[PDB]
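With PDB, N, CA, C and O atoms inside, this is run.pdb:
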MODEL        1
ATOM      1  N   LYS A   1      32.928 -33.428 -59.978  1.00  0.00           N
ATOM      2  CA  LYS A   1      34.342 -33.247 -59.666  1.00  0.00           C
ATOM      3  C   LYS A   1      34.533 -32.146 -58.629  1.00  0.00           C
ATOM      4  O   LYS A   1      33.652 -31.311 -58.423  1.00  0.00           O
ATOM      5  N   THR A   2      35.693 -32.147 -57.977  1.00  0.00           N
ATOM      6  CA  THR A   2      36.000 -31.148 -56.963  1.00  0.00           C
ATOM      7  C   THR A   2      37.482 -30.789 -56.975  1.00  0.00           C
ATOM      8  O   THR A   2      38.328 -31.614 -57.319  1.00  0.00           O
ATOM      9  N   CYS A   3      37.790 -29.552 -56.599  1.00  0.00           N
ATOM     10  CA  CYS A   3      39.169 -29.084 -56.566  1.00  0.00           C
ATOM     11  C   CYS A   3      39.532 -28.556 -55.181  1.00  0.00           C
ATOM     12  O   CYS A   3      38.656 -28.215 -54.387  1.00  0.00           O
ATOM     13  N   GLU A   4      40.830 -28.491 -54.900  1.00  0.00           N
ATOM     14  CA  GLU A   4      41.309 -28.006 -53.610  1.00  0.00           C
ATOM     15  C   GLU A   4      42.168 -26.758 -53.785  1.00  0.00           C
ATOM     16  O   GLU A   4      43.063 -26.720 -54.627  1.00  0.00           O
ATOM     17  N   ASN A   5      41.888 -25.737 -52.980  1.00  0.00           N
ATOM     18  CA  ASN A   5      42.635 -24.486 -53.045  1.00  0.00           C
ATOM     19  C   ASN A   5      42.879 -23.924 -51.647  1.00  0.00           C
ATOM     20  O   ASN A   5      42.102 -24.170 -50.723  1.00  0.00           O
ATOM     21  N   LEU A   6      43.961 -23.168 -51.500  1.00  0.00           N
ATOM     22  CA  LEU A   6      44.307 -22.571 -50.214  1.00  0.00           C
ATOM     23  C   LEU A   6      43.276 -21.524 -49.805  1.00  0.00           C
ATOM     24  O   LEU A   6      42.858 -20.698 -50.617  1.00  0.00           O
ATOM     25  N   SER A   7      42.870 -21.564 -48.540  1.00  0.00           N
ATOM     26  CA  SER A   7      41.887 -20.619 -48.023  1.00  0.00           C
ATOM     27  C   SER A   7      42.376 -19.183 -48.183  1.00  0.00           C
ATOM     28  O   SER A   7      43.493 -18.944 -48.642  1.00  0.00           O
ATOM     29  N   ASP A   8      41.532 -18.231 -47.801  1.00  0.00           N
ATOM     30  CA  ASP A   8      41.877 -16.818 -47.901  1.00  0.00           C
ATOM     31  C   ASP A   8      42.886 -16.427 -46.825  1.00  0.00           C
ATOM     32  O   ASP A   8      43.988 -15.972 -47.129  1.00  0.00           O
ATOM     33  N   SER A   9      42.500 -16.609 -45.565  1.00  0.00           N
ATOM     34  CA  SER A   9      43.368 -16.271 -44.445  1.00  0.00           C
ATOM     35  C   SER A   9      42.995 -17.080 -43.205  1.00  0.00           C
ATOM     36  O   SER A   9      42.726 -16.520 -42.142  1.00  0.00           O
ATOM     37  N   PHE A  10      42.982 -18.401 -43.351  1.00  0.00           N
ATOM     38  CA  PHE A  10      42.642 -19.288 -42.245  1.00  0.00           C
ATOM     39  C   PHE A  10      43.866 -19.573 -41.380  1.00  0.00           C
ATOM     40  O   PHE A  10      44.838 -20.176 -41.837  1.00  0.00           O
ATOM     41  N   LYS A  11      43.812 -19.134 -40.126  1.00  0.00           N
ATOM     42  CA  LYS A  11      44.914 -19.342 -39.195  1.00  0.00           C
ATOM     43  C   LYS A  11      44.423 -20.000 -37.909  1.00  0.00           C
ATOM     44  O   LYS A  11      43.236 -20.285 -37.760  1.00  0.00           O
ATOM     45  N   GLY A  12      45.345 -20.235 -36.980  1.00  0.00           N
ATOM     46  CA  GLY A  12      44.986 -20.857 -35.719  1.00  0.00           C
ATOM     47  C   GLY A  12      44.960 -22.370 -35.803  1.00  0.00           C
ATOM     48  O   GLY A  12      44.946 -22.951 -36.888  1.00  0.00           O
ATOM     49  N   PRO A  13      44.956 -23.031 -34.637  1.00  0.00           N
ATOM     50  CA  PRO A  13      44.933 -24.495 -34.558  1.00  0.00           C
ATOM     51  C   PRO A  13      43.597 -25.079 -35.006  1.00  0.00           C
ATOM     52  O   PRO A  13      42.541 -24.499 -34.760  1.00  0.00           O
ATOM     53  N   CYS A  14      43.653 -26.231 -35.666  1.00  0.00           N
ATOM     54  CA  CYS A  14      42.449 -26.895 -36.150  1.00  0.00           C
ATOM     55  C   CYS A  14      41.884 -27.837 -35.091  1.00  0.00           C
ATOM     56  O   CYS A  14      42.578 -28.211 -34.145  1.00  0.00           O
ATOM     57  N   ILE A  15      40.622 -28.217 -35.257  1.00  0.00           N
ATOM     58  CA  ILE A  15      39.965 -29.117 -34.318  1.00  0.00           C
ATOM     59  C   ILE A  15      39.532 -30.408 -35.003  1.00  0.00           C
ATOM     60  O   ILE A  15      39.373 -30.470 -36.222  1.00  0.00           O
ATOM     61  N   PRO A  16      39.335 -31.466 -34.202  1.00  0.00           N
ATOM     62  CA  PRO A  16      38.915 -32.775 -34.710  1.00  0.00           C
ATOM     63  C   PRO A  16      37.477 -32.768 -35.216  1.00  0.00           C
ATOM     64  O   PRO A  16      37.016 -33.735 -35.822  1.00  0.00           O
ATOM     65  N   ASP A  17      36.772 -31.669 -34.965  1.00  0.00           N
ATOM     66  CA  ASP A  17      35.387 -31.534 -35.396  1.00  0.00           C
ATOM     67  C   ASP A  17      35.308 -30.908 -36.785  1.00  0.00           C
ATOM     68  O   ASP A  17      34.367 -31.156 -37.538  1.00  0.00           O
ATOM     69  N   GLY A  18      36.305 -30.093 -37.118  1.00  0.00           N
ATOM     70  CA  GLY A  18      36.329 -29.442 -38.415  1.00  0.00           C
ATOM     71  C   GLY A  18      36.094 -27.948 -38.319  1.00  0.00           C
ATOM     72  O   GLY A  18      34.965 -27.502 -38.114  1.00  0.00           O
ATOM     73  N   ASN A  19      37.163 -27.171 -38.465  1.00  0.00           N
ATOM     74  CA  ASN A  19      37.068 -25.718 -38.391  1.00  0.00           C
ATOM     75  C   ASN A  19      37.318 -25.087 -39.757  1.00  0.00           C
ATOM     76  O   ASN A  19      36.923 -23.947 -40.008  1.00  0.00           O
ATOM     77  N   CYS A  20      37.975 -25.835 -40.637  1.00  0.00           N
ATOM     78  CA  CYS A  20      38.278 -25.349 -41.978  1.00  0.00           C
ATOM     79  C   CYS A  20      37.054 -25.453 -42.884  1.00  0.00           C
ATOM     80  O   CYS A  20      36.930 -24.718 -43.863  1.00  0.00           O
ATOM     81  N   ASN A  21      36.153 -26.371 -42.549  1.00  0.00           N
ATOM     82  CA  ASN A  21      34.939 -26.572 -43.331  1.00  0.00           C
ATOM     83  C   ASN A  21      33.950 -25.432 -43.104  1.00  0.00           C
ATOM     84  O   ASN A  21      33.643 -24.669 -44.020  1.00  0.00           O
ATOM     85  N   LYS A  22      33.456 -25.321 -41.876  1.00  0.00           N
ATOM     86  CA  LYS A  22      32.504 -24.275 -41.525  1.00  0.00           C
ATOM     87  C   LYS A  22      32.992 -22.911 -42.004  1.00  0.00           C
ATOM     88  O   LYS A  22      32.194 -22.044 -42.358  1.00  0.00           O
ATOM     89  N   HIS A  23      34.310 -22.730 -42.013  1.00  0.00           N
ATOM     90  CA  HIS A  23      34.905 -21.472 -42.450  1.00  0.00           C
ATOM     91  C   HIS A  23      34.625 -21.224 -43.929  1.00  0.00           C
ATOM     92  O   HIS A  23      33.872 -20.317 -44.286  1.00  0.00           O
ATOM     93  N   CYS A  24      35.236 -22.036 -44.786  1.00  0.00           N
ATOM     94  CA  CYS A  24      35.054 -21.904 -46.227  1.00  0.00           C
ATOM     95  C   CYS A  24      33.602 -22.163 -46.618  1.00  0.00           C
ATOM     96  O   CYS A  24      33.172 -21.818 -47.719  1.00  0.00           O
ATOM     97  N   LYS A  25      32.850 -22.773 -45.707  1.00  0.00           N
ATOM     98  CA  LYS A  25      31.445 -23.078 -45.954  1.00  0.00           C
ATOM     99  C   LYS A  25      30.557 -21.898 -45.573  1.00  0.00           C
ATOM    100  O   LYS A  25      29.459 -21.740 -46.105  1.00  0.00           O
ATOM    101  N   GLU A  26      31.042 -21.071 -44.652  1.00  0.00           N
ATOM    102  CA  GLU A  26      30.291 -19.905 -44.202  1.00  0.00           C
ATOM    103  C   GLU A  26      30.749 -18.647 -44.934  1.00  0.00           C
ATOM    104  O   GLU A  26      30.043 -17.639 -44.964  1.00  0.00           O
ATOM    105  N   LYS A  27      31.937 -18.713 -45.525  1.00  0.00           N
ATOM    106  CA  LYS A  27      32.492 -17.581 -46.259  1.00  0.00           C
ATOM    107  C   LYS A  27      32.387 -17.805 -47.764  1.00  0.00           C
ATOM    108  O   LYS A  27      31.588 -17.160 -48.442  1.00  0.00           O
ATOM    109  N   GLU A  28      33.198 -18.724 -48.279  1.00  0.00           N
ATOM    110  CA  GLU A  28      33.195 -19.031 -49.705  1.00  0.00           C
ATOM    111  C   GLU A  28      32.075 -20.010 -50.047  1.00  0.00           C
ATOM    112  O   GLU A  28      31.895 -20.383 -51.206  1.00  0.00           O
ATOM    113  N   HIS A  29      31.325 -20.421 -49.030  1.00  0.00           N
ATOM    114  CA  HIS A  29      30.222 -21.356 -49.222  1.00  0.00           C
ATOM    115  C   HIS A  29      30.662 -22.549 -50.067  1.00  0.00           C
ATOM    116  O   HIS A  29      29.964 -22.956 -50.996  1.00  0.00           O
ATOM    117  N   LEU A  30      31.822 -23.105 -49.736  1.00  0.00           N
ATOM    118  CA  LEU A  30      32.357 -24.251 -50.464  1.00  0.00           C
ATOM    119  C   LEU A  30      31.806 -25.558 -49.901  1.00  0.00           C
ATOM    120  O   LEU A  30      30.923 -25.553 -49.041  1.00  0.00           O
ATOM    121  N   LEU A  31      32.333 -26.675 -50.390  1.00  0.00           N
ATOM    122  CA  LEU A  31      31.896 -27.990 -49.935  1.00  0.00           C
ATOM    123  C   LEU A  31      32.430 -28.288 -48.537  1.00  0.00           C
ATOM    124  O   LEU A  31      31.670 -28.629 -47.630  1.00  0.00           O
ATOM    125  N   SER A  32      33.742 -28.153 -48.370  1.00  0.00           N
ATOM    126  CA  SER A  32      34.379 -28.410 -47.083  1.00  0.00           C
ATOM    127  C   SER A  32      35.794 -27.840 -47.054  1.00  0.00           C
ATOM    128  O   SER A  32      36.243 -27.213 -48.013  1.00  0.00           O
ATOM    129  N   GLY A  33      36.494 -28.065 -45.946  1.00  0.00           N
ATOM    130  CA  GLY A  33      37.850 -27.569 -45.811  1.00  0.00           C
ATOM    131  C   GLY A  33      38.675 -28.390 -44.839  1.00  0.00           C
ATOM    132  O   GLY A  33      38.127 -29.142 -44.032  1.00  0.00           O
ATOM    133  N   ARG A  34      39.993 -28.248 -44.918  1.00  0.00           N
ATOM    134  CA  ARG A  34      40.895 -28.985 -44.039  1.00  0.00           C
ATOM    135  C   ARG A  34      42.130 -28.153 -43.706  1.00  0.00           C
ATOM    136  O   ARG A  34      42.659 -27.438 -44.557  1.00  0.00           O
ATOM    137  N   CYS A  35      42.584 -28.252 -42.462  1.00  0.00           N
ATOM    138  CA  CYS A  35      43.756 -27.509 -42.013  1.00  0.00           C
ATOM    139  C   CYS A  35      45.017 -28.361 -42.128  1.00  0.00           C
ATOM    140  O   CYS A  35      44.944 -29.584 -42.246  1.00  0.00           O
ATOM    141  N   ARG A  36      46.172 -27.705 -42.091  1.00  0.00           N
ATOM    142  CA  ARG A  36      47.449 -28.401 -42.192  1.00  0.00           C
ATOM    143  C   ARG A  36      48.431 -27.892 -41.141  1.00  0.00           C
ATOM    144  O   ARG A  36      48.167 -26.901 -40.459  1.00  0.00           O
ATOM    145  N   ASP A  37      49.562 -28.576 -41.014  1.00  0.00           N
ATOM    146  CA  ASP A  37      50.583 -28.194 -40.046  1.00  0.00           C
ATOM    147  C   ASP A  37      51.420 -27.031 -40.570  1.00  0.00           C
ATOM    148  O   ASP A  37      52.210 -26.441 -39.834  1.00  0.00           O
ATOM    149  N   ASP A  38      51.244 -26.711 -41.847  1.00  0.00           N
ATOM    150  CA  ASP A  38      51.982 -25.619 -42.471  1.00  0.00           C
ATOM    151  C   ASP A  38      51.239 -24.297 -42.309  1.00  0.00           C
ATOM    152  O   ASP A  38      51.470 -23.347 -43.057  1.00  0.00           O
ATOM    153  N   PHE A  39      50.345 -24.243 -41.328  1.00  0.00           N
ATOM    154  CA  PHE A  39      49.565 -23.038 -41.068  1.00  0.00           C
ATOM    155  C   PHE A  39      48.716 -22.669 -42.281  1.00  0.00           C
ATOM    156  O   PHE A  39      48.255 -21.534 -42.408  1.00  0.00           O
ATOM    157  N   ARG A  40      48.513 -23.636 -43.170  1.00  0.00           N
ATOM    158  CA  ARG A  40      47.720 -23.414 -44.374  1.00  0.00           C
ATOM    159  C   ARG A  40      46.492 -24.318 -44.391  1.00  0.00           C
ATOM    160  O   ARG A  40      46.549 -25.470 -43.958  1.00  0.00           O
ATOM    161  N   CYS A  41      45.380 -23.789 -44.892  1.00  0.00           N
ATOM    162  CA  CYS A  41      44.138 -24.547 -44.965  1.00  0.00           C
ATOM    163  C   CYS A  41      43.673 -24.692 -46.412  1.00  0.00           C
ATOM    164  O   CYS A  41      43.783 -23.758 -47.206  1.00  0.00           O
ATOM    165  N   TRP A  42      43.155 -25.869 -46.746  1.00  0.00           N
ATOM    166  CA  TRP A  42      42.673 -26.136 -48.095  1.00  0.00           C
ATOM    167  C   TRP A  42      41.162 -26.345 -48.104  1.00  0.00           C
ATOM    168  O   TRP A  42      40.621 -27.071 -47.269  1.00  0.00           O
ATOM    169  N   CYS A  43      40.486 -25.704 -49.052  1.00  0.00           N
ATOM    170  CA  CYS A  43      39.038 -25.819 -49.169  1.00  0.00           C
ATOM    171  C   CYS A  43      38.653 -26.571 -50.439  1.00  0.00           C
ATOM    172  O   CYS A  43      39.223 -26.343 -51.507  1.00  0.00           O
ATOM    173  N   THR A  44      37.680 -27.470 -50.317  1.00  0.00           N
ATOM    174  CA  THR A  44      37.219 -28.257 -51.453  1.00  0.00           C
ATOM    175  C   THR A  44      35.969 -27.644 -52.075  1.00  0.00           C
ATOM    176  O   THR A  44      35.004 -27.336 -51.375  1.00  0.00           O
ATOM    177  N   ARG A  45      35.992 -27.471 -53.392  1.00  0.00           N
ATOM    178  CA  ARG A  45      34.860 -26.894 -54.107  1.00  0.00           C
ATOM    179  C   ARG A  45      34.588 -27.657 -55.401  1.00  0.00           C
ATOM    180  O   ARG A  45      35.420 -28.440 -55.858  1.00  0.00           O
ATOM    181  N   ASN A  46      33.417 -27.424 -55.985  1.00  0.00           N
ATOM    182  CA  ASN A  46      33.036 -28.089 -57.225  1.00  0.00           C
ATOM    183  C   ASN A  46      33.816 -27.523 -58.409  1.00  0.00           C
ATOM    184  O   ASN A  46      33.969 -26.309 -58.542  1.00  0.00           O
ATOM    185  N   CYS A  47      34.305 -28.411 -59.266  1.00  0.00           N
ATOM    186  CA  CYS A  47      35.069 -28.002 -60.439  1.00  0.00           C
ATOM    187  C   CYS A  47      35.031 -29.083 -61.517  1.00  0.00           C
ATOM    188  O   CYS A  47      34.016 -29.752 -61.702  1.00  0.00           O
TER     189      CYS A  47
ENDMDL
END

Go ahead and express the file in the form of structure tokens.
Amino acid sequence: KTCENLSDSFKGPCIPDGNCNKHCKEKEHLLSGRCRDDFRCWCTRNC
């Protein structure tokens, strides 16, 4: 199973390659991440 939670402080425009993933993957070492138009990013982790 996996859960989604708001990143720590992910800002700036997202890319089609994936910038929210490498972030939460290099920091929180999570599974992946995704950005939104609400200036908020969600990271997926095991739960």

Between CA of residue 39 in chain A and atom N of residue 1 in chain A, what is the distance, to one decimal in Å? 27.2 Å

List the residues matched by the PyMOL selection byres ((chain A and resi 21) around 7) in the displayed structure as JSON, numbers by chain, ordered by chain and then by residue number. {"A": [18, 19, 20, 22, 23, 24, 25, 26, 27, 29, 30, 31, 32, 33, 34, 35, 42]}

Taking the DSSP secondary structure from the backbone, can you list the residues of chain A that are helix (DSSP H, G or I), as an mmCIF file with N, CA, C and O atoms, in the frame of the given file?
data_model
loop_
_atom_site.group_PDB
_atom_site.id
_atom_site.type_symbol
_atom_site.label_atom_id
_atom_site.label_comp_id
_atom_site.auth_asym_id
_atom_site.auth_seq_id
_atom_site.Cartn_x
_atom_site.Cartn_y
_atom_site.Cartn_z
ATOM 1 N N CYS A 20 37.975 -25.835 -40.637
ATOM 2 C CA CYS A 20 38.278 -25.349 -41.978
ATOM 3 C C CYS A 20 37.054 -25.453 -42.884
ATOM 4 O O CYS A 20 36.930 -24.718 -43.863
ATOM 5 N N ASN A 21 36.153 -26.371 -42.549
ATOM 6 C CA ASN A 21 34.939 -26.572 -43.331
ATOM 7 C C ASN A 21 33.950 -25.432 -43.104
ATOM 8 O O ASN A 21 33.643 -24.669 -44.020
ATOM 9 N N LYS A 22 33.456 -25.321 -41.876
ATOM 10 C CA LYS A 22 32.504 -24.275 -41.525
ATOM 11 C C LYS A 22 32.992 -22.911 -42.004
ATOM 12 O O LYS A 22 32.194 -22.044 -42.358
ATOM 13 N N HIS A 23 34.310 -22.730 -42.013
ATOM 14 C CA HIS A 23 34.905 -21.472 -42.450
ATOM 15 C C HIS A 23 34.625 -21.224 -43.929
ATOM 16 O O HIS A 23 33.872 -20.317 -44.286
ATOM 17 N N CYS A 24 35.236 -22.036 -44.786
ATOM 18 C CA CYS A 24 35.054 -21.904 -46.227
ATOM 19 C C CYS A 24 33.602 -22.163 -46.618
ATOM 20 O O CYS A 24 33.172 -21.818 -47.719
ATOM 21 N N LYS A 25 32.850 -22.773 -45.707
ATOM 22 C CA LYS A 25 31.445 -23.078 -45.954
ATOM 23 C C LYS A 25 30.557 -21.898 -45.573
ATOM 24 O O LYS A 25 29.459 -21.740 -46.105
ATOM 25 N N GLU A 26 31.042 -21.071 -44.652
ATOM 26 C CA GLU A 26 30.291 -19.905 -44.202
ATOM 27 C C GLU A 26 30.749 -18.647 -44.934
ATOM 28 O O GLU A 26 30.043 -17.639 -44.964
#

Hits of the PyMOL selection byres ((chain A and resi 10) around 6) in this structure, as an NGL selection string: :A and (7-9 or 11-12 or 39-41)

Restricting the output to N, CA, C and O atoms, write the selected residues as an mmCIF file, keeping the file's coordinate frame.
data_model
loop_
_atom_site.group_PDB
_atom_site.id
_atom_site.type_symbol
_atom_site.label_atom_id
_atom_site.label_comp_id
_atom_site.auth_asym_id
_atom_site.auth_seq_id
_atom_site.Cartn_x
_atom_site.Cartn_y
_atom_site.Cartn_z
ATOM 1 N N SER A 7 42.870 -21.564 -48.540
ATOM 2 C CA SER A 7 41.887 -20.619 -48.023
ATOM 3 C C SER A 7 42.376 -19.183 -48.183
ATOM 4 O O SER A 7 43.493 -18.944 -48.642
ATOM 5 N N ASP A 8 41.532 -18.231 -47.801
ATOM 6 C CA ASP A 8 41.877 -16.818 -47.901
ATOM 7 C C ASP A 8 42.886 -16.427 -46.825
ATOM 8 O O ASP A 8 43.988 -15.972 -47.129
ATOM 9 N N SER A 9 42.500 -16.609 -45.565
ATOM 10 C CA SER A 9 43.368 -16.271 -44.445
ATOM 11 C C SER A 9 42.995 -17.080 -43.205
ATOM 12 O O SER A 9 42.726 -16.520 -42.142
ATOM 13 N N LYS A 11 43.812 -19.134 -40.126
ATOM 14 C CA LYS A 11 44.914 -19.342 -39.195
ATOM 15 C C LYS A 11 44.423 -20.000 -37.909
ATOM 16 O O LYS A 11 43.236 -20.285 -37.760
ATOM 17 N N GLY A 12 45.345 -20.235 -36.980
ATOM 18 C CA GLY A 12 44.986 -20.857 -35.719
ATOM 19 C C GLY A 12 44.960 -22.370 -35.803
ATOM 20 O O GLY A 12 44.946 -22.951 -36.888
ATOM 21 N N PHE A 39 50.345 -24.243 -41.328
ATOM 22 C CA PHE A 39 49.565 -23.038 -41.068
ATOM 23 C C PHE A 39 48.716 -22.669 -42.281
ATOM 24 O O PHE A 39 48.255 -21.534 -42.408
ATOM 25 N N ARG A 40 48.513 -23.636 -43.170
ATOM 26 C CA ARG A 40 47.720 -23.414 -44.374
ATOM 27 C C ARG A 40 46.492 -24.318 -44.391
ATOM 28 O O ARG A 40 46.549 -25.470 -43.958
ATOM 29 N N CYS A 41 45.380 -23.789 -44.892
ATOM 30 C CA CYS A 41 44.138 -24.547 -44.965
ATOM 31 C C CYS A 41 43.673 -24.692 -46.412
ATOM 32 O O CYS A 41 43.783 -23.758 -47.206
#

So how many Å separate atom C of residue 3 in chain A and atom N of residue 47 in chain A, to one decimal?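 Between atom C of residue 3 in chain A and atom N of residue 47 in chain A the gap works out to 6.6 Å.
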
Could you work out an axis-aligned box for range 2-16 of chain A, taking every atom the file lists and adding 8 Å on each side, and report centre and edge lengths in Å to one decimal, as JSON?
{"center_x": 40.5, "center_y": -24.9, "center_z": -46.1, "size_x": 25.7, "size_y": 33.8, "size_z": 39.8}

For the structure I just gave you, how does DSSP split chain A - specifically, which residues are strand (DSSP E or B)? Reply as a VMD selection string. chain A and resid 2 to 6 32 to 35 41 to 46

Hey, what comes out of the PyMOL selection byres ((chain A and resi 4) around 6) on this file? Could you write it as a PyMOL selection string? chain A and resi 2-3+5-6+42-45

Filtering to N, CA, C and O atoms, could you give me those residues as a PDB file, in the coordinates of the input?
ATOM      1  N   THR A   2      35.693 -32.147 -57.977  1.00  0.00           N
ATOM      2  CA  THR A   2      36.000 -31.148 -56.963  1.00  0.00           C
ATOM      3  C   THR A   2      37.482 -30.789 -56.975  1.00  0.00           C
ATOM      4  O   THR A   2      38.328 -31.614 -57.319  1.00  0.00           O
ATOM      5  N   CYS A   3      37.790 -29.552 -56.599  1.00  0.00           N
ATOM      6  CA  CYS A   3      39.169 -29.084 -56.566  1.00  0.00           C
ATOM      7  C   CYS A   3      39.532 -28.556 -55.181  1.00  0.00           C
ATOM      8  O   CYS A   3      38.656 -28.215 -54.387  1.00  0.00           O
ATOM      9  N   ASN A   5      41.888 -25.737 -52.980  1.00  0.00           N
ATOM     10  CA  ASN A   5      42.635 -24.486 -53.045  1.00  0.00           C
ATOM     11  C   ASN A   5      42.879 -23.924 -51.647  1.00  0.00           C
ATOM     12  O   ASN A   5      42.102 -24.170 -50.723  1.00  0.00           O
ATOM     13  N   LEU A   6      43.961 -23.168 -51.500  1.00  0.00           N
ATOM     14  CA  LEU A   6      44.307 -22.571 -50.214  1.00  0.00           C
ATOM     15  C   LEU A   6      43.276 -21.524 -49.805  1.00  0.00           C
ATOM     16  O   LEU A   6      42.858 -20.698 -50.617  1.00  0.00           O
ATOM     17  N   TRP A  42      43.155 -25.869 -46.746  1.00  0.00           N
ATOM     18  CA  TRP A  42      42.673 -26.136 -48.095  1.00  0.00           C
ATOM     19  C   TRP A  42      41.162 -26.345 -48.104  1.00  0.00           C
ATOM     20  O   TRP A  42      40.621 -27.071 -47.269  1.00  0.00           O
ATOM     21  N   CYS A  43      40.486 -25.704 -49.052  1.00  0.00           N
ATOM     22  CA  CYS A  43      39.038 -25.819 -49.169  1.00  0.00           C
ATOM     23  C   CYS A  43      38.653 -26.571 -50.439  1.00  0.00           C
ATOM     24  O   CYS A  43      39.223 -26.343 -51.507  1.00  0.00           O
ATOM     25  N   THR A  44      37.680 -27.470 -50.317  1.00  0.00           N
ATOM     26  CA  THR A  44      37.219 -28.257 -51.453  1.00  0.00           C
ATOM     27  C   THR A  44      35.969 -27.644 -52.075  1.00  0.00           C
ATOM     28  O   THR A  44      35.004 -27.336 -51.375  1.00  0.00           O
ATOM     29  N   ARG A  45      35.992 -27.471 -53.392  1.00  0.00           N
ATOM     30  CA  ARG A  45      34.860 -26.894 -54.107  1.00  0.00           C
ATOM     31  C   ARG A  45      34.588 -27.657 -55.401  1.00  0.00           C
ATOM     32  O   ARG A  45      35.420 -28.440 -55.858  1.00  0.00           O
TER      33      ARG A  45
END

Distance in Å - CA of residue 28 in chain A versus CA of residue 14 in chain A: 18.2 Å
